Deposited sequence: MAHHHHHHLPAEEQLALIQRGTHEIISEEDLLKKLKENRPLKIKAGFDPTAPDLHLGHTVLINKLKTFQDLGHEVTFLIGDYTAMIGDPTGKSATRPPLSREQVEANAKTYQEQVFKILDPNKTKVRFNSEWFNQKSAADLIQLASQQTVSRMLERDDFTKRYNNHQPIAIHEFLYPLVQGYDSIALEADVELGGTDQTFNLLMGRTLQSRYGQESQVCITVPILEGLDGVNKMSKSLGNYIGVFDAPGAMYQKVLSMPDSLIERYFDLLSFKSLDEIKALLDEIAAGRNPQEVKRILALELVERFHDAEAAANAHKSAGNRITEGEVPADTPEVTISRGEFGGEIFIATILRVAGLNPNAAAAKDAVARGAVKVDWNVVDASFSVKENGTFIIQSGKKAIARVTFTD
């Protein structure tokens, strides 16, 4: 009735997913009978999204057709930070690549119902002190559990320290968006849980994390 019953939405949402960190909390959010904020983030370095993102985008469409609010999030903030004088992305590259992603995903999603946002929109105004505050919320040993970090460390390959900050940027993005749900590939599990974790540390209701296989 304007919004499908919560248990039916659940059945449609979980079809084709590998994991949902807290079915219990997703049901609780759906029973609130309100538009949920759906976060899906993309790295703007590639020329396009490959044909394996399809399940992911059709899951965002499922959320959109159930009345929920999808934020298409471009993570330009970290991509544009260079080395103190290999170049980073320029703003013109971010904008050009982002336009191509939108031409793609709006063959599926509705543009009048989708929010396109760039995480530099809030992070460009964060101070070093705001990032030190964020960095105090996770430990070194927890960051070293991310599978790619664990392999590099075990093979004594260098891990620059700012690479530990990148998951914290992604987590904070959930806070600034007030994400109810975040979607990603099964490879991005660690990073999606970062936002759920950091939301609690900041006194926010935590997001549900949903992974789909990225073919």
Notebook entry, point to check: Counting from 1 along the deposited sequence, which stretches were left out of the model?
Noted result: 1-5, 91-95, 226-408
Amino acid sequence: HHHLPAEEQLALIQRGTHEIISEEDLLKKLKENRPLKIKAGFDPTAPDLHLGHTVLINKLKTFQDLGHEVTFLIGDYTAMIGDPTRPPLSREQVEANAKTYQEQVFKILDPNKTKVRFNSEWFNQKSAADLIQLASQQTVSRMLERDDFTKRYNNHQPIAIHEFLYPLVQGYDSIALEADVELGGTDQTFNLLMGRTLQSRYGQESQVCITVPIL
From here on, numbers count along this sequence of modelled residues.
Notebook entry, point to check: Quick one: higher average CA temperature factor, 108-116 or 72-80?
Noted result: 108-116
Note to self: Regarding 22-30 and 181-189, which shows the higher C-alpha temperature factor on average in the entry?
What the structure shows: 22-30
Notebook entry, point to check: Checking the entry, which one of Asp130, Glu103, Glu95, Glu121 has the top C-alpha B factor?
Noted result: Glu103
Note to self: Ranking every modelled residue in this chain by its Cα temperature factor as given in the entry, which third contains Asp173?
What the structure shows: lowest
Margin query: Going by the CA temperature factor in the PDB record, which third of the chain does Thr45 belong to: lowest, middle or highest?
Written below: highest
Check: Ranked by Cα temperature factor within the chain, is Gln138 in the lowest third, the middle third or the highest third?
Finding: middle
Notebook entry, point to check: Taking the C-alpha B-factors as the PDB entry records them, is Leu51 in the lowest, middle or highest third of its chain?
Noted result: highest
Note to self: Taking only the Cα B-factors deposited for this chain, tell me whether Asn58 sits in the lowest, middle or highest third.
What the structure shows: middle
